[PDB]
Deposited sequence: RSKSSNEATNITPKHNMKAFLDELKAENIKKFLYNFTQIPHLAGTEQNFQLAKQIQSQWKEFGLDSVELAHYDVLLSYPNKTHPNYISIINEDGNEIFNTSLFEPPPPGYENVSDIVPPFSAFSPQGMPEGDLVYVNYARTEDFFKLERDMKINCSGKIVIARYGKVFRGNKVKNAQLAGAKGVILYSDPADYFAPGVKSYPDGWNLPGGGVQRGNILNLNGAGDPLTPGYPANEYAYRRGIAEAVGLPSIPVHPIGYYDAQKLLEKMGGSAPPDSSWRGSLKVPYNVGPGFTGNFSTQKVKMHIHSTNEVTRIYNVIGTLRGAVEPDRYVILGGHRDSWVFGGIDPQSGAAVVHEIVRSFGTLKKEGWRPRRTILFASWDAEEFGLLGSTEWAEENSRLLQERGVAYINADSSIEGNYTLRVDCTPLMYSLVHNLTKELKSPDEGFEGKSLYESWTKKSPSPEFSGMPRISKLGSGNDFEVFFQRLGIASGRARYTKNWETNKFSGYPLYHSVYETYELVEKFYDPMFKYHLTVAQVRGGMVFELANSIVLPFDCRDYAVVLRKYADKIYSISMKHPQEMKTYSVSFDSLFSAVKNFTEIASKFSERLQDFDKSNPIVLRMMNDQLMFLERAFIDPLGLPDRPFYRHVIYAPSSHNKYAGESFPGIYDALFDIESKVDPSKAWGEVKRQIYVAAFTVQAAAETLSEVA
């Protein structure tokens, strides 16, 4: 038989290992020749594997690179202007790669050029609450200062935005061993920790879903008319550079001014973590000077798009996508995911060669320039938005398959919760001690739901990866799954060698997944989801699961507002409409589920599959969220303080945030009521798409 078990059994750990090795021998930085060569290889192999069509889709987008003959670095200067300490110009390369060419040195992509010199202020993780603490409580003014912030907790672009709004003239990001050095494990190459010379690369854009900064709304094709740089979307206005903890220690050890306000501001280095501004008495006249000379350049990128045409509903698309570009070798990010995608295509192709086709069309994508702001996936979605919004069933992302070896981690729309629970109950756990138990059992034991008991945690989607345009802009049901660590406070910080030259094939093969069994489990989860989505007669979405979460999110946002009872009385702020809509959604979803279970009629089926497919679409508001026109989903958006985190009822959440500090409370509460109306209306409208059609 050609069924899901056939598909799953064809997947092999050994093939994933071979592909990972093949994908990680040289750097594949977006916009480079090496990455174009890999694109061509994948295109050729996907054709050999059996896909119906495999094309490259190219775009010309804004990228950012250091200047090869004018290196970025930071100094401490003395009052004579002698640079008495300089940060490193490169990460010491790992063993056996000290002769690889074209390793990009650590830099913050899209930083402007500048040579700002000033006094340092230390701002902890540079989160919104860290800046509130500095400015409001400690009365420290960051205006005209250079801020130094540790990586972790929130997306680095949010740190930079926060530092800009505080009036900083530059930002230095560093990896503290508190966040990137697990106790008791050795530094690379002898273990999986970050060495003192290691540095995390990464972009510092605040695009809010726009894609290429020069062409918001439209694909960056050959005739595109581009914004000038001064009008580009999301570029930072102050220079930014990342460093390792050996270098950070040199900059932090001389810091004076105020003590850290409490222990949550102290990392693990042997320094006081004084917030500053500036250095202690003896060194009071020394300054810090940045030298950033990176350039932004429009550069061609290439997505590989493979199609496996559906036998019955070829005009319904299930998309499996993940990126191919890496900062350096991409041992985990992204090639651990791309190797999984490659073995999934191979397996589907093996069934295709035996005469099988999926019910619906499956599209496979190898995206480019994810690391520079989701540019490849977003431009392709802009180009194909009409096809996607009328035909897109689901998108499953496939970046890093592993960031640890402890248990599964899943983020997806509520419409896929039942699917994930059901699939993981049929898969074998790879974990030690759970031999012969299901993955559902191990995952549920290790990652219990905070609400539900006997169920696993599944989190909300925000941004940070290539599903963003499909879910937040277009309203296509989306999901993602990987193996992760047991390190809860670090869930947005990255694994220690994240975006460093040390993330290599050897890292994975030696320290993460020697038997490629966690990779295989992730291939079964991702590929199993795609199989069911593309093959199930009735789409495997359960609208009742959305009804349950909408009530939870309504309770949560009401509870936030209720911290302000006097204002709710004064301005007549009622959540009654939103609860009414949620109640209606629950009732209508229950009735739809009954019809779906109780309806030979392919029109009724597809009419009801269209109702299922367009349900996520119904949560899109074509006017977008306030000042974020490309985040259009009313139930979820990437958090305004941390793009990696999803926020629920984001329009109301943002209207309430720090509301006690707004100068015109009537106006501020008016905008809360407006967002409650938009949210109640959208919930009711989505519910009504599940009513009988006529």
Ranges missing from the model, given as deposited sequence positions
1 to 13, 613 to 614
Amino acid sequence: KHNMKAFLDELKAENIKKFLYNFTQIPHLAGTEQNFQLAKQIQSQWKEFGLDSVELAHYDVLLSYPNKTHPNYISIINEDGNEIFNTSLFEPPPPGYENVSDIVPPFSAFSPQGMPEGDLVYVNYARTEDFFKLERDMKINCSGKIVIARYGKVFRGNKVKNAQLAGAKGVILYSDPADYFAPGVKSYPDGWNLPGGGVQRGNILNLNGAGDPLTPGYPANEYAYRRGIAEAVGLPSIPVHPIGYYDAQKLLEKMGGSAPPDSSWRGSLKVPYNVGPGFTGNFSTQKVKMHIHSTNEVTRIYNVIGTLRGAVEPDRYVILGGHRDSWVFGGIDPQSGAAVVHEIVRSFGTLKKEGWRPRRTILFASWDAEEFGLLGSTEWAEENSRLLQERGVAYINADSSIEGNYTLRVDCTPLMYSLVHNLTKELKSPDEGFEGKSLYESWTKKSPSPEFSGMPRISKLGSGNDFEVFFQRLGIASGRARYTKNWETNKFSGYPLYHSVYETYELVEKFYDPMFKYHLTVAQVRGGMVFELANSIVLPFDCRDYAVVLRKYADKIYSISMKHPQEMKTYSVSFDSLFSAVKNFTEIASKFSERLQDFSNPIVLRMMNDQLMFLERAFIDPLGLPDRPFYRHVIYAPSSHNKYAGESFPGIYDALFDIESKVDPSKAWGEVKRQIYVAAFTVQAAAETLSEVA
From here on, numbers count along this sequence of modelled residues.
Higher mean Cα B-factor in the deposited model: 319 to 327 or 278 to 286?
278 to 286
If you average the Cα B factors in the entry, which is higher, 259 to 267 or 101 to 109?
259 to 267
Looking only at 487, 553, 614, 546, the Cα with the top B-factor belongs to 487
Residue with maximal Cα B-factor (values as given in the PDB entry) among 647, 60, 660, 654:
660
Pull the Cα B-factor of residue 673 out of the PDB entry and bin it into the chain's lowest, middle or highest third.
lowest
So, residue 691's CA B-factor, relative to its chain, sits in which third? The middle
Considering only modelled residues of the same chain, in which third does the CA B-factor of residue 517 rank: lowest, middle or highest?
middle
Residue 448 - which third its CA temperature factor falls in, relative to the rest of the chain
highest
Split the chain's modelled residues into thirds by Cα B-factor; is residue 458 in the lowest, middle or highest one?
middle
